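Each remark here refers to the structure printed beneath this line.
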2 protein chains.
Amino acid sequence: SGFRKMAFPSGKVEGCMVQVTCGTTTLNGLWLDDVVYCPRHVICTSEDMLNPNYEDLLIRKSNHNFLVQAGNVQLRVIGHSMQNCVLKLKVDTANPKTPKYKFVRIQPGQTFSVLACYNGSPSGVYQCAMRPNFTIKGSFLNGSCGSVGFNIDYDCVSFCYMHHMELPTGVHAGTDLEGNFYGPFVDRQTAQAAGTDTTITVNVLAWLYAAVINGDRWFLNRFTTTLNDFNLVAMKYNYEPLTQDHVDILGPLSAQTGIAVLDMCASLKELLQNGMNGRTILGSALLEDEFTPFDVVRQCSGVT
Amino acid sequence: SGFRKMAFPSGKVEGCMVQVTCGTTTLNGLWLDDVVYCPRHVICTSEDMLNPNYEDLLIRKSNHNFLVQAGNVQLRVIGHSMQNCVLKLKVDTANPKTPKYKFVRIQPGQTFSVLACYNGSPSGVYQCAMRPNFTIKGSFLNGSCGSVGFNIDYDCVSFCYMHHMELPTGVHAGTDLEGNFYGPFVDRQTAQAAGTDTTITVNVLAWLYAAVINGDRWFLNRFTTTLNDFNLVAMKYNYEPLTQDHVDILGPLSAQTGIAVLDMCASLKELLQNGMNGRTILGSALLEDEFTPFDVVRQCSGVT
Ligand SMILES: Cc1ccn2cnnc2c1NC(=O)[C@@H]1CCOc2ccc(Cl)cc21
Ligand SMILES: Cc1ccn2cnnc2c1NC(=O)[C@@H]1CCOc2ccc(Cl)cc21
C-alpha cells in the first residue's frame, strides 16, 4: 500500500536525449532512429523571440549550423526541415538506444512523465498532467526546452509533449512531437492568455478511490447524488463537468471498492462544500487531480 | 520556474534490476559487478515470516536454489552469503550496465529516489524521504521487496535503501545496502512500533525558500525569532528541533533570497500557529518536508 505521485522509469527516454546548438542557443533534442526532434526556437536569439519569422530565420541556416551532440560524440546532420513548431534534424546515424515508440497527442486531463533536461543531460523526472487550459505546471528553467513528456506501455514509449515555453504566469506550454502546440499558445515572447485552470474531476474521483483502497476512508459519507446535481456543484467550484464517459472509466475502481461512482461523487460534493476541516487524504491537504483512473489501477496493481 | 517533487533519472538503476526467486518466493535483486543483492527474506515462505531463523533456513539452500534472471537471461550463481538482512549472490557475470556506485547509509531527513520494481521489472520512480522515525512513506505492493533507494551525483549512484517490509501501519521499513535496517525494525511479521513521525524542519524551511524563489511570497511576514524561541513552537508541533548546523546548511538559500534563516523561521512559526487559512504554497495546502536544502538548490539551478 501507499500512494505516490509516481513517474515512469526514465531509462528509455534518457537514451534519446541529445544537445542541440544553433548559433548561441542550446536546447535539448530527441534522437529517435536517424532523426533529432527539437523546438524550432533553437534558431532564435533572445532578440528574435519577440517577433520571429521562423521561415525567414531558417533560410539563413544550413545542416552544418545545427550542432548535435549525443553524450560527448558529435552527430552529422544530413538534412533539416521544419514541421509546425519543431525542427527535424536528419542525422547519418540511427540512435542505437531507440526504444519502441509512438507520437501521441494527448487530451487535457491526461497525465505523463517529464524528463527535465539541460544541455542534453537529464536532471530529473516527475509526473504531471495536461491542464484543461492546455498548460502544464512543470519545473523548467532556461535551457530545459526540448525536454519531453511521455508514457510507457510495457516496452513502447508514447511521446506526447515537447517543452517550448514558460508563460509570464510561471506555467508551461509546449507541443506534441509533430510540433503542434497544446492550446492557443505560440512560440513567441508575447502576452499569452492562459484560460481558467479547472480541476480534472475524473482524476480527483480516481484519487479518492485510490485513498479508499489504501485505507483513508474518513471522507466516505451516507449520501448519493446524480450527475446533473453533482455538476451544479462542480461548476460552482471550477471543476470539469463529469460525463457518462468519466463514470464508465471509473467502473473498475467502483467495482474493486464497492463504492458506486455517484456515491463517490457525493463524497466529493461534501468535500467541496465543507473542505477537509484540517484533515488529509493520501498525505495531501487538497484534492489531487493528477492521477487518471488508469494511473490509479496501474499503481494499485503494480504494472511493470 | 515551477517546483516539483522530482526524482533522479532512473536509467542507471533500471540496468541493475534483476528478479530473484528462491523456492516459491520472488522478489527484486540489485546486480552490481558480479554480485546480486537482495533481502534475505527471499528464502522464507509466508509461514516462515512469523518467526524465521534465517541462518537455519539458509543452511537448507544452495547456489542452484537462487534463480536470478536479468531480463530474460539466467545468471549462474557461484556463491552466496548473508550479510546482516541482505543476501549477496555471487554470479559468474559482471553486470555490463553497472554504473559508478557507492553504498551509503543516509541520515533521517535525507531524501532519495525509489525505483519501484516487481519481478525485476521497473514500474515507476518517485522521490521520498527517510522519516525521523526511520520509515519511508512509499508505494510498495507485495513483490516490491528488493526495490532500491538511491541518489545520483553526476555519474555516481549512491544506493541508500533496499525495501524489505510494510508495517501494519502502511509505512515502509528497509535496510542500507549492507543489510542493516534503518531504525529498530526487524525482518519478521510481528508488531513493530514506529515512533512519532516528526516533521523535518530544515526541509520545510528549504521548501519555503524554494517558494520565495518561484514567486509564492504571501507567507513572508514582518517578524523574526531566535533558534530557542522557534524550537519551543517546533516542539509543540512535533517538528524536529532546528540546530546551528541546519541554519548553516540553509546559508546559500538565505543568501540567494536575501531572507535571513531566522526570519524564515518566524514565517514558519506563524504558519504553524495560524495555518494556511485556505491558501497554498507551491501547489500544496500543507508544509512540505521532503525537499532537503540540497534538493532545492539542485532543482532551482538545474544540476544534470
Ligand atoms: C526564460 C525562461 C525561464 C524558464 N523557462 C522554462 N521553460 N522555458 C523557459 C524560459 N525560456 C523561455 O520561455 C523562452 C524565452 C523567451 O520567451 C519565450 C517565448 C517563446 C518560447 Cl518558444 C520560448 C521562450
Ligand atoms: C504483504 C505486503 C504488502 C505490501 N508490501 C509492501 N512492501 N512489502 C509488502 C508486503 N509484504 C511484506 O511486508 C512481507 C509479508 C509479511 O510481513 C513481512 C514482515 C517482514 C518482511 Cl522483511 C516482509 C514481510
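Note: ideal-geometry Cβ built from the backbone for every residue, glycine included; neighbour counts use all protein chains shown. What is reported rests on the model, the rules as stated and the sources as named; no laboratory instrument gave them.
Any idea how many residues of segment B:156-172 are more than 13 Å from ligand 2 (Cβ to nearest atom) and of a type in the set (A, V, I, L, M)?
1
Taking the condition of being within 19 Å of the chain's Cα centre (by Cα) and either away from chain B (no Cβ under 14 Å) or aliphatic (A, V, I, L, M) (or both), how many residues in segment A:1-30 meet it?
7
Right, A:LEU115: touching a helix residue (DSSP H, G or I) at 6+ places or on another chain (Cβ under 9 Å) and under 25 Å from A:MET49 (Cα atoms) or not? Show your work before the answer.
Details: touching a helix residue (DSSP H, G or I) at 6+ places or on another chain (Cβ under 9 Å): yes; under 25 Å from A:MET49 (Cα atoms): yes.
Answer is yes for this residue.
Go through segment A:120-170 and count every residue that is within 14 Å of ligand 1 (Cβ to nearest atom), under 25 Å from A:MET49 (Cα atoms) and not basic (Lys, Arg).
Qualifying residue count, segment A:120-170: 24.
Name the residue that is nearest to the other protein chains (Cβ to nearest Cβ), counting only residues in segment A:214-226 that are surrounded by fewer than 18 Cβ atoms within 10 Å (Cβ to Cβ) and under 12 Å from A:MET264 (Cβ atoms).
Of everything passing the filter in segment A:214-226, A:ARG217 is nearest to the other protein chains (Cβ to nearest Cβ).
Report, by residue number, each residue of segment B:206-253 that is over 23 Å from B:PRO132 (Cβ atoms) and under 28 Å from the mean Cα position of the chain (by Cα).
Answer for segment B:206-253, where residues must be over 23 Å from B:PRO132 (Cβ atoms) and under 28 Å from the mean Cα position of the chain (by Cα): B:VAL212, B:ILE213, B:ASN214, B:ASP216, B:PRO252.
Which residue, of A:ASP229, A:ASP153, A:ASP245, A:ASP216, is within 30 Å of A:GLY143 (Cα to Cα) and not polar (S, T, N, Q)?
Being within 30 Å of A:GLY143 (Cα to Cα) and not polar (S, T, N, Q) holds for just one of A:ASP229, A:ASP153, A:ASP245, A:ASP216, which is A:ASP153.
Out of A:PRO293, A:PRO252, report the one residue that is away from chain B (no Cβ under 12 Å), in contact (Cβ under 8 Å) with a residue 60 or more places away in the chain and touching a helix residue (DSSP H, G or I) at 6+ places or on another chain (Cβ under 7 Å).
The conditions single out A:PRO293.
Checking the condition hydroxyl-bearing (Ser, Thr, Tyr), buried (at least 16 other Cβ atoms within 10 Å of the Cβ) and farther than 16 Å from B:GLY109 by Cβ, which residue from B:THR304, B:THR201 passes? Steps first, answer last, please.
Working: B:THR201 fails: farther than 16 Å from B:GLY109 by Cβ.
Unique residue meeting the criteria: B:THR304.
Write out, first by first residue and then by second, each pair whose Cβ atoms fall under 8 Å of each other, whose residues are 6+ apart or on separate chains, and whose first residue, in segment B:83-111, is aliphatic (A, V, I, L, M) while the second is in a strand (DSSP E or B) and surrounded by fewer than 17 Cβ atoms within 10 Å (Cβ to Cβ).
Every condition considered, the pairs that remain are B:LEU87/B:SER81; B:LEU89/B:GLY79; B:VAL91/B:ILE78.
Just name the residue that is farthest from A:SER147 (Cα to Cα) out of those in segment A:169-196 that are part of a strand (DSSP E or B) and more than 14 Å from chain B (Cβ to nearest Cβ).
A:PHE181
Just checking, how many residues over segment B:1-34 are within 17 Å of B:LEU58 (Cβ to Cβ) and in contact with a strand residue (DSSP E or B) (Cβ under 8 Å, 6 or more places away or on another chain)?
Let us first name the residues in segment B:1-34 that are within 17 Å of B:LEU58 (Cβ to Cβ), namely B:20-25, B:27, B:29.
So of that shortlist, the ones also in contact with a strand residue (DSSP E or B) (Cβ under 8 Å, 6 or more places away or on another chain) come out as B:20-22, B:27, B:29.
So the answer is 5.
(1) away from ligand 2 (no atom under 16 Å from the Cβ); (2) over 20 Å from B:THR25 (Cβ atoms); (3) in a strand (DSSP E or B): which one isn't true of B:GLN107, the others all being true?
Here B:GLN107 meets the rest and fails (3).
Tell me, please, whether a residue that is of a type outside the set (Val, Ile, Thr), under 10 Å from A:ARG4 (Cβ atoms), within 12 Å of chain A (Cβ to nearest Cβ) and within 11 Å of ligand 2 (Cβ to nearest atom) can be found in segment B:121-137.
Scanning segment B:121-137, I find no residue that is of a type outside the set (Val, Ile, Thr), under 10 Å from A:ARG4 (Cβ atoms), within 12 Å of chain A (Cβ to nearest Cβ) and within 11 Å of ligand 2 (Cβ to nearest atom), so the answer is no.
Inspect all residues belonging to segment A:55-74 and state whether any of them is within 16 Å of ligand 2 (Cβ to nearest atom), at negative phi and either of a type in the set (D, E, K, R) or touching a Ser or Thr at 6+ places or on another chain (Cβ under 7 Å) (or both). Working first, answer last.
Just the residues of segment A:55-74 that are within 16 Å of ligand 2 (Cβ to nearest atom), to begin with: none.
No; the residues of segment A:55-74 include none that is within 16 Å of ligand 2 (Cβ to nearest atom), at negative phi and either of a type in the set (D, E, K, R) or touching a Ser or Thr at 6+ places or on another chain (Cβ under 7 Å) (or both).
Can you find a residue that is outside any strand (DSSP E or B), under 13 Å from the mean Cα position of the chain (by Cα), within 16 Å of ligand 2 (Cβ to nearest atom) and within 10 Å of chain A (Cβ to nearest Cβ) anywhere in segment B:144-155?
No, every residue in segment B:144-155 fails to be outside any strand (DSSP E or B), under 13 Å from the mean Cα position of the chain (by Cα), within 16 Å of ligand 2 (Cβ to nearest atom) and within 10 Å of chain A (Cβ to nearest Cβ).
For segment B:259-297, name all the residues that are assigned to a loop (DSSP other than H, G, I, E, B), of a type in the set (S, T, N, Q) and touching a strand residue (DSSP E or B) at 6+ places or on another chain (Cβ under 8 Å).
Listed by number, the list holds a single entry, B:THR292.
Among (1) surrounded by fewer than 23 Cβ atoms within 10 Å (Cβ to Cβ); (2) without any contact (Cβ under 8 Å) to a residue 40 or more places away in the chain; (3) over 23 Å from B:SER121 (Cα atoms), which single condition is A:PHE140 missing?
(1)
When you check B:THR190 against the structure, is it near ligand 2 (Cβ under 10 Å from one of its atoms), hydroxyl-bearing (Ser, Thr, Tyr) and either free of Cβ contacts under 8 Å to residues at least 12 places away in the same chain or out of contact with any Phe, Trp or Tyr (no Cβ under 8 Å at 6 or more places or on another chain) (or both), yes or no?
So B:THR190 fits the description; yes.
Against the definition (away from every other protein chain (no Cβ under 14 Å) and closer than 29 Å to A:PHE140 by Cβ), how does B:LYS100 come out, yes or no?
For B:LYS100, the condition - away from every other protein chain (no Cβ under 14 Å) and closer than 29 Å to A:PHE140 by Cβ - is met.
Condition first: under 19 Å from B:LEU27 (Cβ atoms) and hydrophobic (A, V, I, L, M, F, W, C). Now tell me which residues in segment B:82-102 satisfy that.
B:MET82, B:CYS85, B:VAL86, B:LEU87, B:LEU89, B:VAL91
Confirm whether A:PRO132 is part of a loop (DSSP other than H, G, I, E, B), in the same structural domain as A:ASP176 (by CATH) and crowded, with 16+ Cβ neighbours inside 10 Å.
Yes, satisfied.
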